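Data file: target_24.csv. Format and content: CSV, N, CA, C and O atoms.
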```
chain,number,residue,atom,x,y,z
A,1,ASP,N,-0.7,-7.4,15.1
A,1,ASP,CA,-0.8,-6.8,13.7
A,1,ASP,C,-0.4,-7.8,12.6
A,1,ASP,O,0.1,-8.9,13.0
A,2,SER,N,-0.7,-7.5,11.4
A,2,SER,CA,-0.3,-8.3,10.2
A,2,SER,C,0.9,-7.6,9.5
A,2,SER,O,0.8,-6.4,9.2
A,3,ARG,N,2.0,-8.3,9.3
A,3,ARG,CA,3.2,-7.6,8.7
A,3,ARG,C,3.9,-8.5,7.7
A,3,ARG,O,3.9,-8.1,6.5
A,4,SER,N,4.5,-9.6,8.1
A,4,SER,CA,5.3,-10.5,7.3
A,4,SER,C,6.3,-9.8,6.5
A,4,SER,O,6.5,-10.0,5.3
A,5,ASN,N,7.0,-8.8,7.2
A,5,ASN,CA,8.1,-8.0,6.6
A,5,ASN,C,9.3,-8.8,6.4
A,5,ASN,O,9.7,-9.6,7.3
A,6,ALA,N,9.9,-8.6,5.2
A,6,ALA,CA,11.2,-9.2,4.7
A,6,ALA,C,11.1,-10.7,4.5
A,6,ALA,O,11.3,-11.5,5.5
A,7,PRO,N,11.1,-11.3,3.3
A,7,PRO,CA,11.1,-12.7,3.2
A,7,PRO,C,12.4,-13.4,3.5
A,7,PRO,O,12.8,-14.3,2.8
A,8,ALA,N,13.1,-12.9,4.5
A,8,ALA,CA,14.3,-13.5,5.0
A,8,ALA,C,15.0,-12.8,6.1
A,8,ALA,O,14.6,-11.6,6.4
A,9,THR,N,15.9,-13.4,6.8
A,9,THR,CA,17.1,-12.7,7.4
A,9,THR,C,18.2,-13.8,7.4
A,9,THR,O,17.9,-14.9,7.9
A,10,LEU,N,19.3,-13.5,6.9
A,10,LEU,CA,20.4,-14.5,6.7
A,10,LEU,C,20.7,-15.2,8.0
A,10,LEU,O,21.0,-14.6,9.0
A,11,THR,N,20.5,-16.5,7.9
A,11,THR,CA,20.5,-17.4,9.1
A,11,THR,C,21.9,-17.4,9.8
A,11,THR,O,22.9,-17.1,9.1
A,12,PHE,N,21.9,-17.7,11.0
A,12,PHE,CA,23.2,-17.9,11.7
A,12,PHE,C,23.5,-19.4,11.5
A,12,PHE,O,24.0,-20.1,12.4
A,13,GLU,N,23.4,-19.8,10.2
A,13,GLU,CA,23.8,-21.1,9.8
A,13,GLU,C,24.8,-21.1,8.7
A,13,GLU,O,26.0,-21.6,8.8
A,14,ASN,N,24.5,-20.4,7.6
A,14,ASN,CA,25.4,-20.2,6.5
A,14,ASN,C,26.6,-19.4,6.8
A,14,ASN,O,27.7,-19.7,6.4
A,15,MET,N,26.4,-18.4,7.6
A,15,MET,CA,27.5,-17.6,8.1
A,15,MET,C,28.5,-18.5,9.0
A,15,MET,O,29.7,-18.3,8.9
A,16,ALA,N,27.9,-19.4,9.7
A,16,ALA,CA,28.8,-20.4,10.4
A,16,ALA,C,29.6,-21.2,9.4
A,16,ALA,O,30.8,-21.4,9.6
A,17,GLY,N,28.9,-21.6,8.3
A,17,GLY,CA,29.7,-22.2,7.2
A,17,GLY,C,30.7,-21.2,6.6
A,17,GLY,O,31.8,-21.7,6.1
A,18,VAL,N,30.5,-19.9,6.7
A,18,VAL,CA,31.5,-19.0,6.4
A,18,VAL,C,32.5,-18.8,7.6
A,18,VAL,O,33.7,-18.6,7.5
A,19,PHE,N,31.9,-18.9,8.8
A,19,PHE,CA,32.7,-18.8,10.0
A,19,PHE,C,33.7,-20.0,10.1
A,19,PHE,O,34.8,-19.9,10.7
A,20,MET,N,33.3,-21.1,9.6
A,20,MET,CA,34.1,-22.3,9.6
A,20,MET,C,35.4,-22.1,8.8
A,20,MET,O,36.4,-22.7,9.1
A,21,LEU,N,35.3,-21.3,7.8
A,21,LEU,CA,36.5,-21.1,6.9
A,21,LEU,C,37.6,-20.4,7.7
A,21,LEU,O,38.7,-20.8,7.6
A,22,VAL,N,37.2,-19.3,8.3
A,22,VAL,CA,38.3,-18.5,9.0
A,22,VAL,C,38.8,-19.3,10.2
A,22,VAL,O,39.9,-19.2,10.6
A,23,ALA,N,37.9,-20.1,10.9
A,23,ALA,CA,38.3,-20.9,12.0
A,23,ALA,C,39.5,-21.9,11.6
A,23,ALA,O,40.5,-21.9,12.3
A,24,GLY,N,39.3,-22.5,10.5
A,24,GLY,CA,40.4,-23.4,10.0
A,24,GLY,C,41.7,-22.6,9.7
A,24,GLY,O,42.8,-23.1,9.8
A,25,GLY,N,41.6,-21.3,9.4
A,25,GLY,CA,42.7,-20.4,9.3
A,25,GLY,C,43.4,-20.2,10.7
A,25,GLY,O,44.6,-20.2,10.8
A,26,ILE,N,42.6,-20.1,11.7
A,26,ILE,CA,43.1,-19.8,13.1
A,26,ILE,C,43.8,-21.1,13.6
A,26,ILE,O,44.8,-21.1,14.3
A,27,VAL,N,43.2,-22.3,13.3
A,27,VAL,CA,43.7,-23.5,13.9
A,27,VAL,C,45.0,-24.0,13.1
A,27,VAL,O,45.9,-24.5,13.8
A,28,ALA,N,45.0,-23.9,11.8
A,28,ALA,CA,46.0,-24.6,11.0
A,28,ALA,C,47.3,-23.9,11.1
A,28,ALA,O,48.3,-24.6,11.5
A,29,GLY,N,47.4,-22.6,10.8
A,29,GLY,CA,48.7,-22.0,10.6
A,29,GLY,C,49.6,-22.1,11.8
A,29,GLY,O,50.8,-22.4,11.7
A,30,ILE,N,49.1,-21.9,13.0
A,30,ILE,CA,49.9,-21.9,14.2
A,30,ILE,C,50.6,-23.2,14.4
A,30,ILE,O,51.8,-23.2,14.6
A,31,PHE,N,49.9,-24.3,14.2
A,31,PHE,CA,50.5,-25.6,14.4
A,31,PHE,C,51.7,-25.8,13.4
A,31,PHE,O,52.7,-26.3,13.8
A,32,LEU,N,51.5,-25.3,12.2
A,32,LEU,CA,52.6,-25.4,11.2
A,32,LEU,C,53.7,-24.4,11.7
A,32,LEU,O,54.9,-24.7,11.7
A,33,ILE,N,53.3,-23.1,11.9
A,33,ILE,CA,54.3,-22.1,12.2
A,33,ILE,C,55.0,-22.4,13.5
A,33,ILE,O,56.1,-21.8,13.7
A,34,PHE,N,54.5,-23.2,14.4
A,34,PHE,CA,55.1,-23.5,15.6
A,34,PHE,C,56.0,-24.8,15.4
A,34,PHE,O,57.2,-24.8,15.7
A,35,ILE,N,55.3,-25.9,15.0
A,35,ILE,CA,56.0,-27.2,15.0
A,35,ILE,C,57.1,-27.2,13.9
A,35,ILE,O,58.3,-27.5,14.2
A,36,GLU,N,56.8,-26.8,12.7
A,36,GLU,CA,57.8,-26.8,11.6
A,36,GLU,C,58.9,-25.8,11.9
A,36,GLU,O,60.0,-25.8,11.3
A,37,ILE,N,58.6,-24.8,12.8
A,37,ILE,CA,59.7,-23.8,13.1
A,37,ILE,C,60.9,-24.5,13.7
A,37,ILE,O,62.0,-24.0,13.4
A,38,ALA,N,60.8,-25.6,14.4
A,38,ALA,CA,61.9,-26.2,15.0
A,38,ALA,C,62.8,-26.8,13.9
A,38,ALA,O,64.0,-26.9,14.1
A,39,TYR,N,62.3,-27.1,12.7
A,39,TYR,CA,63.1,-27.8,11.7
A,39,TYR,C,63.9,-26.8,10.9
A,39,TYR,O,65.1,-26.8,10.9
A,40,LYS,N,63.2,-25.8,10.2
A,40,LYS,CA,63.9,-24.9,9.3
A,40,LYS,C,64.9,-24.0,10.0
A,40,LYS,O,65.7,-23.4,9.4
A,41,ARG,N,64.7,-23.9,11.3
A,41,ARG,CA,65.5,-22.9,12.1
A,41,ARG,C,66.9,-23.5,12.4
A,41,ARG,O,67.9,-22.9,11.9
A,42,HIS,N,67.0,-24.6,13.2
A,42,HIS,CA,68.3,-25.1,13.6
A,42,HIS,C,69.0,-25.6,12.4
A,42,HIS,O,70.1,-25.1,12.0
A,43,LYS,N,68.5,-26.6,11.7
A,43,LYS,CA,69.2,-27.2,10.5
A,43,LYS,C,68.2,-27.9,9.6
A,43,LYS,O,68.1,-29.2,9.6
B,1,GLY,N,-31.0,19.1,-11.0
B,1,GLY,CA,-29.6,18.8,-10.7
B,1,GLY,C,-29.5,17.3,-10.3
B,1,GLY,O,-30.4,16.5,-10.6
B,2,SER,N,-28.4,17.0,-9.6
B,2,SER,CA,-28.2,15.6,-9.2
B,2,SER,C,-29.1,15.3,-8.0
B,2,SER,O,-28.7,15.5,-6.9
B,3,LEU,N,-30.3,14.8,-8.3
B,3,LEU,CA,-31.2,14.4,-7.3
B,3,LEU,C,-31.5,12.9,-7.3
B,3,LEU,O,-32.2,12.5,-8.3
B,4,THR,N,-31.0,12.2,-6.3
B,4,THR,CA,-31.1,10.7,-6.3
B,4,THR,C,-32.5,10.3,-5.9
B,4,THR,O,-33.0,10.7,-4.8
B,5,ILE,N,-33.2,9.6,-6.7
B,5,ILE,CA,-34.5,9.2,-6.4
B,5,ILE,C,-34.5,8.1,-5.3
B,5,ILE,O,-33.6,7.4,-5.1
B,6,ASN,N,-35.6,8.2,-4.5
B,6,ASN,CA,-35.6,7.4,-3.3
B,6,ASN,C,-37.1,7.2,-2.8
B,6,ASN,O,-38.0,7.9,-3.3
B,7,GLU,N,-37.3,6.3,-1.9
B,7,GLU,CA,-38.6,6.0,-1.4
B,7,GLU,C,-38.9,6.9,-0.2
B,7,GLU,O,-40.0,7.2,0.2
B,8,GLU,N,-37.8,7.3,0.5
B,8,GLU,CA,-38.0,8.1,1.8
B,8,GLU,C,-38.6,9.5,1.4
B,8,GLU,O,-39.1,10.2,2.3
B,9,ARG,N,-38.4,9.9,0.2
B,9,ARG,CA,-38.8,11.3,-0.2
B,9,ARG,C,-39.9,11.2,-1.3
B,9,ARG,O,-40.5,12.3,-1.6
B,10,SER,N,-40.1,10.1,-2.0
B,10,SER,CA,-41.1,10.1,-3.0
B,10,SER,C,-42.5,10.2,-2.4
B,10,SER,O,-43.4,10.6,-3.1
B,11,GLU,N,-42.6,10.0,-1.1
B,11,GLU,CA,-43.9,10.2,-0.5
B,11,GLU,C,-44.3,11.6,-0.5
B,11,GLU,O,-45.3,12.0,-1.0
B,12,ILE,N,-43.5,12.5,0.1
B,12,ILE,CA,-43.8,13.9,0.3
B,12,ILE,C,-43.6,14.8,-0.9
B,12,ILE,O,-43.8,16.0,-0.9
B,13,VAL,N,-43.1,14.2,-2.0
B,13,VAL,CA,-43.0,14.8,-3.3
B,13,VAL,C,-42.8,13.8,-4.4
B,13,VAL,O,-42.1,12.8,-4.2
B,14,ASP,N,-43.5,14.0,-5.5
B,14,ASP,CA,-43.4,13.1,-6.7
B,14,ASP,C,-42.0,13.2,-7.3
B,14,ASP,O,-41.2,14.0,-7.0
B,15,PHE,N,-41.8,12.4,-8.4
B,15,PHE,CA,-40.6,12.3,-9.1
B,15,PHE,C,-40.8,11.8,-10.5
B,15,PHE,O,-41.7,10.9,-10.7
B,16,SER,N,-40.1,12.3,-11.5
B,16,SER,CA,-40.2,11.8,-12.8
B,16,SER,C,-39.3,10.6,-13.0
B,16,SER,O,-38.8,10.0,-12.1
B,17,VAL,N,-39.1,10.3,-14.3
B,17,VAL,CA,-38.3,9.1,-14.7
B,17,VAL,C,-36.8,9.5,-14.7
B,17,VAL,O,-36.5,10.7,-14.9
B,18,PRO,N,-35.8,8.6,-14.6
B,18,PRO,CA,-34.4,9.0,-14.5
B,18,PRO,C,-33.8,9.2,-15.9
B,18,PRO,O,-34.4,8.9,-16.9
B,19,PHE,N,-32.6,9.9,-15.9
B,19,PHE,CA,-31.9,10.1,-17.1
B,19,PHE,C,-30.4,9.7,-17.0
B,19,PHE,O,-29.6,10.1,-17.8
B,20,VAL,N,-30.1,8.9,-16.0
B,20,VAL,CA,-28.7,8.4,-15.8
B,20,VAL,C,-28.7,6.9,-15.3
B,20,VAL,O,-29.8,6.3,-15.2
B,21,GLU,N,-27.6,6.4,-15.1
B,21,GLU,CA,-27.4,5.1,-14.5
B,21,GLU,C,-26.2,5.2,-13.5
B,21,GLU,O,-25.0,5.0,-13.9
B,22,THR,N,-26.5,5.5,-12.2
B,22,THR,CA,-25.5,5.8,-11.2
B,22,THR,C,-25.4,4.7,-10.2
B,22,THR,O,-26.4,4.1,-9.9
B,23,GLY,N,-24.2,4.5,-9.7
B,23,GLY,CA,-24.0,3.6,-8.6
B,23,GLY,C,-23.3,4.3,-7.5
B,23,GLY,O,-22.8,5.5,-7.6
B,24,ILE,N,-23.2,3.6,-6.3
B,24,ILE,CA,-22.4,4.2,-5.2
B,24,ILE,C,-21.1,3.4,-5.1
B,24,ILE,O,-21.0,2.2,-5.4
B,25,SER,N,-20.0,4.2,-4.9
B,25,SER,CA,-18.6,3.6,-4.9
B,25,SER,C,-17.8,4.3,-3.9
B,25,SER,O,-18.1,5.4,-3.4
B,26,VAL,N,-16.6,3.7,-3.7
B,26,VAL,CA,-15.7,4.2,-2.7
B,26,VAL,C,-14.5,4.9,-3.4
B,26,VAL,O,-14.0,4.3,-4.4
B,27,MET,N,-14.1,6.1,-3.0
B,27,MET,CA,-12.9,6.7,-3.6
B,27,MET,C,-11.9,6.9,-2.5
B,27,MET,O,-12.1,7.3,-1.4
B,28,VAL,N,-10.6,6.6,-2.9
B,28,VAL,CA,-9.5,6.5,-2.0
B,28,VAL,C,-8.3,7.3,-2.6
B,28,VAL,O,-8.3,7.6,-3.8
B,29,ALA,N,-7.4,7.6,-1.8
B,29,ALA,CA,-6.2,8.4,-2.2
B,29,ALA,C,-5.4,7.7,-3.3
B,29,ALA,O,-5.6,6.6,-3.6
B,30,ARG,N,-4.4,8.4,-3.7
B,30,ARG,CA,-3.7,8.0,-5.0
B,30,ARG,C,-3.0,6.7,-4.8
B,30,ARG,O,-2.7,6.3,-3.7
B,31,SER,N,-2.7,6.1,-5.9
B,31,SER,CA,-1.9,4.8,-5.9
B,31,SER,C,-0.4,5.2,-6.0
B,31,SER,O,0.0,6.0,-6.9
B,32,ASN,N,0.4,4.7,-5.1
B,32,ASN,CA,1.8,5.1,-5.0
B,32,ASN,C,2.7,3.9,-4.8
B,32,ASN,O,2.3,3.0,-4.1
B,33,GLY,N,3.8,3.9,-5.5
B,33,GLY,CA,4.8,2.8,-5.3
B,33,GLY,C,6.0,3.3,-4.5
B,33,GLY,O,6.9,4.0,-5.0
B,34,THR,N,6.1,2.8,-3.2
B,34,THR,CA,7.2,3.2,-2.4
B,34,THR,C,7.7,2.0,-1.6
B,34,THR,O,6.9,1.1,-1.2
B,35,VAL,N,9.0,1.9,-1.4
B,35,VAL,CA,9.7,0.7,-0.8
B,35,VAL,C,9.6,0.9,0.7
B,35,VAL,O,9.3,2.0,1.3
B,36,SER,N,9.9,-0.2,1.5
B,36,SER,CA,9.9,-0.1,2.9
B,36,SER,C,11.1,-0.7,3.6
B,36,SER,O,10.9,-1.6,4.5
B,37,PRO,N,12.3,-0.2,3.4
B,37,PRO,CA,13.4,-0.6,4.2
B,37,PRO,C,13.6,0.4,5.4
B,37,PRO,O,13.9,1.6,5.2
B,38,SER,N,13.4,-0.1,6.6
B,38,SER,CA,13.5,0.8,7.7
B,38,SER,C,15.0,1.3,7.9
B,38,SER,O,15.3,2.5,7.8
B,39,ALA,N,15.9,0.4,8.2
B,39,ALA,CA,17.3,0.7,8.3
B,39,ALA,C,18.1,-0.3,7.4
B,39,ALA,O,17.7,-1.4,7.1
B,40,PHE,N,19.2,0.2,7.0
B,40,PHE,CA,20.0,-0.5,6.0
B,40,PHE,C,20.5,-1.8,6.7
B,40,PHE,O,20.9,-2.7,5.9
B,41,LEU,N,20.5,-1.9,8.0
B,41,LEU,CA,21.0,-3.1,8.6
B,41,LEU,C,20.0,-4.3,8.5
B,41,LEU,O,20.1,-5.3,9.2
B,42,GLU,N,19.0,-4.1,7.7
B,42,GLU,CA,17.9,-5.0,7.6
B,42,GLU,C,18.3,-6.4,7.1
B,42,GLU,O,17.9,-7.4,7.7
B,43,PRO,N,19.1,-6.5,6.0
B,43,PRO,CA,19.4,-7.9,5.5
B,43,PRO,C,20.1,-8.8,6.5
B,43,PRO,O,20.2,-10.0,6.2
B,44,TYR,N,20.5,-8.3,7.6
B,44,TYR,CA,21.2,-9.2,8.7
B,44,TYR,C,20.4,-9.0,10.0
B,44,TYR,O,20.3,-7.9,10.5
B,45,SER,N,20.0,-10.1,10.6
B,45,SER,CA,19.5,-10.1,11.9
B,45,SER,C,20.6,-9.7,12.9
B,45,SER,O,21.8,-10.0,12.6
B,46,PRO,N,20.3,-9.0,14.0
B,46,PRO,CA,21.4,-8.6,14.9
B,46,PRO,C,22.1,-9.7,15.5
B,46,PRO,O,23.1,-9.5,16.2
B,47,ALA,N,21.6,-11.0,15.3
B,47,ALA,CA,22.3,-12.1,15.8
B,47,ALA,C,23.6,-12.3,15.1
B,47,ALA,O,24.6,-12.7,15.8
B,48,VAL,N,23.7,-12.0,13.8
B,48,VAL,CA,24.9,-12.2,13.1
B,48,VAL,C,25.8,-11.0,13.2
B,48,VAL,O,27.0,-11.1,13.2
B,49,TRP,N,25.2,-9.8,13.3
B,49,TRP,CA,25.9,-8.6,13.3
B,49,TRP,C,26.9,-8.6,14.5
B,49,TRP,O,28.1,-8.5,14.4
```
As a first step, turn the structure in this file into structure tokens.
Amino acid sequence: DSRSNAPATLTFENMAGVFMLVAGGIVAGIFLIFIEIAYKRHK
Amino acid sequence: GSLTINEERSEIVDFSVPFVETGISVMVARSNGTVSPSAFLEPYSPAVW
């Protein structure tokens, strides 16, 4: 049949660019919250 | 009345001169403006969902 319905569907590319933002949240904080924890805690 | 002149019938009966200018045309149902979103989940392919 002939349809050509919807001149888009948001790619799984730009959302990855959005997915990359939260990923940096998952990777960054732990390393700080773990490593720097040794410093501010003892002295 | 509305009698369309023709060659298939001018044989078995005569015909006078016409008094109109008619053509043949196609008539179709009304013109309507309606949108086509099937489901609201349309803007996103299920790959991202």
Exercise for review: Please identify every residue of chain A that has at least one atom no more than 7 Å from any atom of chain B, counting all atoms listed in the file, and report them as a ChimeraX atom specification.
Suggested key: /A:8-12
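Distance-wise, atom C of residue 23 in chain B and CA of residue 4 in chain B end up 10.2 Å apart.
From CA of residue 2 in chain A back to CA of residue 33 in chain B, the distance works out to 19.7 Å.
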Practice item. Would you work out the distance separating atom C of residue 39 in chain B from atom N of residue 22 in chain A, expressed in Å to one decimal? Key: 27.0 Å
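All residues of chain B that DSSP, run on the backbone, classes as helix (DSSP H, G or I) are residues 7, 8, 9 and 10 of chain B.
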